[PDB]
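For this one, two forms of the same chain are given in structure tokens, first as structure 1 and then as structure 2.
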Structure 1
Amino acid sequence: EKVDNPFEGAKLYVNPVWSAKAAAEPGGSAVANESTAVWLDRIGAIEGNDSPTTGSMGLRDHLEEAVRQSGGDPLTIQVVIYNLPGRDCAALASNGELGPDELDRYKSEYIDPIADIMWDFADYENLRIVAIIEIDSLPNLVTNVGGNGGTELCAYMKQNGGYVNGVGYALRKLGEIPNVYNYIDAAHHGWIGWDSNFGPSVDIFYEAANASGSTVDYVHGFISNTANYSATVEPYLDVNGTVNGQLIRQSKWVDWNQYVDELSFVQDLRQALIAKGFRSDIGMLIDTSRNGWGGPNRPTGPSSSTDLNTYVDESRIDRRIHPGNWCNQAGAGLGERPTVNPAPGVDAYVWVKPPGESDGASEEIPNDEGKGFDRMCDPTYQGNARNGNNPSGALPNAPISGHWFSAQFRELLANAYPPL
């Protein structure tokens, strides 16, 4: 009885807090009326906490605003559920208020108040809430537990079941509300595109969707590339091709990944999830907030080089040093503006990460948000095993994640693709 695609035939929520930050930058008004997801990055964000990350508006404030913006017609707001115990277990920049042993608090003091507020808007027949479920959680239990590269925190979150159970709890509590549409976070191709990562991620997604009373029927779909930078389509790169006595997969960039872009990845992931037992009508989202890679450095066509790494590096639109470079990526532009059913199996390209909000601080900054200094956000960081021991490629002088980052917004705007 819920629509096949919550984005189809609907106005899109404009977040007034984000809108005002965007319009305040030079040329910012050009994107100020784009739709961006509202993040519930802590318990305080539910009622409203007057914070750097979420301003003065609580959830009810946003949902009342969304109803106002709607004109009684279908309107879709995206709400990010992002507060698991031991949140961000393989990193530090977005560790949260709830520790690894605090599932009970997540349930009763985070999910339960959110579900209560959303139940109050269930009598608004034309309000559609897209709930985006726990970014950067379940794939950590596949890729960051094995010890050789992993973390003890992620290993613990696997053994105590906090991620799996927290997600399943959110899926049922929110999924049983008549106008709520759950999309599970599905990393991106640069994380789980590999043979050793792909199937085991499908497995854990399925595990989580059957935890805490949930079934696959509470899952409307999946989102990739949330708060990341991976190309939607790599027009001049074919992951299975050659140059010229060597495989594209042998390049430093591809590095034996099965995918070079998000689209081919979500399309394959969609088929595998269905075969695993997810509903056949599931739709994928791709977060295109920051994956445009436009401006004067965007390749105009395939390279003429017959050197493997040179062909790849000159042909690729994702201009990062390594696909594991996730923080405040230098040279990134705004991607495709939110669009309905842009491709087979894709419900929408969406702006979930709000452009201009930081991925993390480039130095130690004292905070009350539970966030530590993550060296992947330090421009001078020479890296580790997860990123091929490469420079971070992070932008200098970045503030705490979620805080406004003027330099990043300006660059993103300048490098928008397609051009504004």
Structure 2
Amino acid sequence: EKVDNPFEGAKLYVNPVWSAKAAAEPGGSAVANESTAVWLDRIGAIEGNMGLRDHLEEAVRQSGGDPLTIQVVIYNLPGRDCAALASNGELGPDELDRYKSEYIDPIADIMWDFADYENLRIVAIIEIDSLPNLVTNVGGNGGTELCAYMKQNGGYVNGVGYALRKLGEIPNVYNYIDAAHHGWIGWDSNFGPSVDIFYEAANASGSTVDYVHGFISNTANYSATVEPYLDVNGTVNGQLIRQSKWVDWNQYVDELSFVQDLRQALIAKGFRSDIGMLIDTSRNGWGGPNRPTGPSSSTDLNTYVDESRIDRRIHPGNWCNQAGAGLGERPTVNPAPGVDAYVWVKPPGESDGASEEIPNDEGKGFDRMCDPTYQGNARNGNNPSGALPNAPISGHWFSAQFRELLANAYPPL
């Protein structure tokens, strides 16, 4: 069974580690009490050598005996991030066996312990930047040999299946499969195909749809929840919003429209009728002086669209430390039809990746999508990366970015 919505009638975990970095920034106390997910993005995060056990104990303490909800990100597939120029994932493409025995299994072992406390809800975010690569990045300009390999060897599909079963058996664990964002799989050509692959994964490695509680979009990304001034079917004089360089015949201009349609598609495919969707609104506020306060007046199609849209990125494929971004809507329960919650999965202020080479021992290769000077590739419309300068290694505190995110918060603080 498990509750219909693990966020409903629950307190939310506050990560003391994250909170201390937020409160330390000028004005950071205003958001230092917000709930953020704990990221298990490598084997070493499990024991922490705060480990998972440490965060879960803290969540229990914060609960006081009433329902409480902690979000844990599962993110260590073999051949991780198969389309990226560089991946920080420690597990290689042939390492599914290590994924199963040294990553999932010990996490399962810790969550099982905590099943004894009825009022703790563990929402597990399952493998970001995974399955949709096997739809969109296997052929053509932008295809990678790594993605083709992971599709051929079933490493993503079977890895994900495994996590769903192992964590899904556990009574108070609520699995959400990552579902990219509308600027990735919103097209007529990849939406259905993504749905098919989600279903494949959910039935792989002994899993069933009964181990999937829902889906999460926009995780660690910047796509708008709603675009207030843009109608995907609207027009600028005789020209459709659809034909703009921004929209590019996507079926959607925002995340909410997207996850609502996806939710219906998935149920039709054979997922449970009571699936709920999440959207990560950590960094998609797009507020501050540059935020449109109403629709453009321009007669140019692209000037109307560029001046009316709150997501101001150059291209929706720009994912790294995005310039001008702002904190989004704060974590909130059942905000819209079919959405269990808006969540802050990415903890704001933590870098997405280094903007130059920063030599390291923990195995984190320089990804040029984080480099301000990078001129792009097929996957971002061959555009500037849009990344903020002088960024630390992924997960390290990025003060310039936190101050900006904080000043650009929408709704304001």
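In this text, rigid core is short for the largest set of C-alphas that superpose within 1.5 Å between two forms. Numbers given to residues start at 1 and step along the sequence of structure 1. Only residues modelled in both forms are compared.
- Here the rigid core is superposed between structure 1 and structure 2, and of 202, 118, 93, 75 the C-alpha of 93 is the only one to shift by 2 Å or more.
- With the core held fixed, the Cα of residue 363 is displaced between structure 1 and structure 2 by less than 2 Å.
- In the core-superposed comparison between structure 1 and structure 2, the CA atom of residue 307 travels 1.1 Å.
- The shift recorded for the CA atom of residue 62 between structure 1 and structure 2 is 0.5 Å, with superposition on the rigid core.
- The rigid-core fit between structure 1 and structure 2 yields the following 3+ residue runs with every Cα displaced by 2 Å or more: 92-95, 367-371.
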